[PDB]
Protein chains: 2
Amino acid sequence: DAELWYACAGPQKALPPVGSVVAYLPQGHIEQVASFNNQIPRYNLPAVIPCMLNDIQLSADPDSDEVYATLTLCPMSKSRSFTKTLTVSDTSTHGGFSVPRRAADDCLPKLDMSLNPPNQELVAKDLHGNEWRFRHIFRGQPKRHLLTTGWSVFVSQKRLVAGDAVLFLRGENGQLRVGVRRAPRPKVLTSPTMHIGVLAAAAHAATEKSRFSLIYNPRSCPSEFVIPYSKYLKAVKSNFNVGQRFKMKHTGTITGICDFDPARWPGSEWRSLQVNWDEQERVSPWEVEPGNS
Amino acid sequence: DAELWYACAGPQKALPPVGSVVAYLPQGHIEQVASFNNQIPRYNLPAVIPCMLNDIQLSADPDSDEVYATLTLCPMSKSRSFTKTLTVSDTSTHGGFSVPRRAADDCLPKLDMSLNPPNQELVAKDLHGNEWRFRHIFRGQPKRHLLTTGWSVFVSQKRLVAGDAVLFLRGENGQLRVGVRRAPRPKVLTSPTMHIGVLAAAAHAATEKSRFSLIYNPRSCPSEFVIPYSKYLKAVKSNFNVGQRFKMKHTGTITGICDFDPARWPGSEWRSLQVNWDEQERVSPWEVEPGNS
DNA sequence: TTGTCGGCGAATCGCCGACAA
DNA sequence: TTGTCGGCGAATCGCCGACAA
Ligand SMILES: [Cl-]
Ligand SMILES: [Cl-]
């Protein structure tokens, strides 16, 4: 289910539609793969590459549960939801799970309060179609919504620890969906060979106008690097200036406008906005909005 | 400890020494990275690349325990040991671990048989220096060597299942070492971008005579692709012929001698020997020996 | 509102010879 | 030689209100 995939990725995540023109930004692709590790031949590669979004394949690791997507590019010429950060008691083998009162009313199905105690056995599917059975009971003094039977098994099988978060989604159907967003945490190739591979594949696809492929790792990608081409153009046509107040979907002030990496990426709009927050320091024009909406 | 690293990799594994000339075989490097997944721009890349072995870095995944090495190449112009495949009872929460009688005598320290029952608390370090305490008891009827206290914890923490194997090494020192060899089982880059990255990095290093780097995954590499250059030359000078009997460090018969992939790797000695076993079908001259020693 | 706790009953865990392959 | 089993004692597991933040 695609709604579950975006929930585990992040609330502000929504990939461009297949068949639409997108702006491929290689600086951001490298930033993603460089976050997995810690010079190279210089390629004549443009800082932006308009591409047709040929295909998207949402995927999830079975054992680890991390979500990722495979995108195919070709260079050119809603539902009720809630998330809770798991506490120590939630993950402890001692007790069960404390359901936020707002979540049980706005997300979980309504219990029969005429029962004593009100209870139901919920059944939720994860990203791989596996069913999970939870007993949802309303007890305690003061009274509360708890998940008892089936919760600790869910904790051990998915190896959940405190600080992690559990997700629940209820669509129009009675079926429930459950997800996991783990707290922040080179096996096949070294980083320079990964770095070189990204450039050469993009270069070959750019000069030949042939389609290539990449992996999107949402929870390991600081800034999206496949954005709608229209959103990219409207950002370029925008004329930011020093001292302007901006906002992010947190507020700050633009302190400068210059290139982020003028050595190998001259004239690039990537992270070209020097900013200072009010309470990371280099952002792109398309991820900010003038701070007076 | 380097002895533990090679134990977890495999008995027939021993990398060339640092500072020696090695034969880099890109066909085998691709075979390794293609085993992690399931067309590309053609590169003028030779089937063998003599390189100086600049550095080796043995490493091990902390959580998963898989071993890998980072090698740095530059193109040019002993101890008592035993291994047991873990049974169901070994991994079951029910009992402990059955130590093979030959292992306790030839590897583990000698128990004081004057005790009743003979026992000692062993302390072994894993690949990351963590200590593991096991009670080694000699009991049962018929009598046997068992590991009781500390074994089931070792099973749960390392997530061991039946079919996996445990290793133990005893050097000249009293300190013991323990290892794990798990049964046979794309996150950051797609396979074509991995494929392209291997070629381009090797190509750039070959034409510029600059040093590059790669990852060796022993338990995911079917045939070694960084071998001593002398061993490669002596294989080329060898004149195999059809019908010759060969042996592998299993015996068979050579049925043909031709190129393995004449499309993109013409005139390559890689897997250039068609063989038929007596009881996989394409091997290289340097991994076989005439079957009459 | 909700995280943590103690309390017991339920249950898995773990060490021990008893047995065949 | 050694894998699996039953047997109990040891122990963690799990559901329940009681309590403050
Ligand atoms: Cl899916
Ligand atoms: Cl080491």
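Note on naming: letters A, B, ... go to the chains in the order of the sequence lines (proteins, then strands), and numbering restarts at 1 for each one. The figures that follow rest on heavy atoms only: side chains count, while hydrogens, waters and symmetry mates do not.
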Classify the side chain of B:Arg144 and the base of D:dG3 as holding, or not holding, a donor-acceptor pair under 3.5 Å. yes
With a 4.0 Å cut-off on heavy atoms, is A:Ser89 in touch with a base, just the backbone sugar-phosphate, or nothing at all? base
So, does the side chain of B:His94 form a donor-acceptor pair with the base of D:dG3 at under 3.5 Å? no
Round to a whole Å and report the spacing from CD1 of A:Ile137 to P of C:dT2. 17 Å
Taking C1'-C2'-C3'-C4' as the guide, is C:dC13 a north (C3'-endo side) or a south (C2'-endo side) sugar? south
Are any of the side-chain nitrogens in A:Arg159 or A:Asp65 under 4.0 Å away from the carboxylate oxygens of its partner? no
Please report the distance, rounded to the nearest Å, between CD in A:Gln141 and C1' in D:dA20. 14 Å
List the steps and the verdict of side chain to side chain donor-acceptor pair (under 3.5 Å) for B:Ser223 and B:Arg271. CA-CA 9 Å; B:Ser223 294; B:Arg271 298 200 173 282; 2.7 Å; yes
I would like to know whether B:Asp126 and B:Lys158 meet salt bridge (charged side-chain N to carboxylate O under 4.0 Å, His left out); could you show each step before the answer? CA-CA 11 Å; B:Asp126 66 353; B:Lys158 301 230 162 223; 3.3 Å; yes
Out of D:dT1, C:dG3, D:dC16, minimum distance to the side chain of A:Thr87 belongs to C:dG3
5'-most contact on DNA chain D: A:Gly150 or B:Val88, nearest heavy atom basis? B:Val88
Taking CD in B:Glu281 as the centre, count heavy atoms belonging to other residues, nucleotides or ligands within less than 6.0 Å. Is the count above 12? no
For B:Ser152, which contact category applies under a 4.0 Å heavy-atom criterion: base, sugar-phosphate, or nothing? sugar-phosphate
Rounded to whole Å, CG of A:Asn116 lies from P of D:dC16 at a distance of 12 Å
Tell me if the aromatic rings of A:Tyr68 and A:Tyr216 count as close, with their centers under 6.0 Å from one another. no
Provide, to the nearest angstrom, the distance between the CZ atom belonging to A:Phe154 and the P atom belonging to D:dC13. 18 Å
Between atom CG in A:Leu146 and atom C1' in C:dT1, what is the gap in whole Å? 12 Å
Nucleotide opposite C:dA21 in a Watson-Crick or G-U pair, distances under 3.5 Å: D:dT1
Figure out the CZ/P separation between A:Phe97 and D:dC16, and round it to whole Å. 16 Å
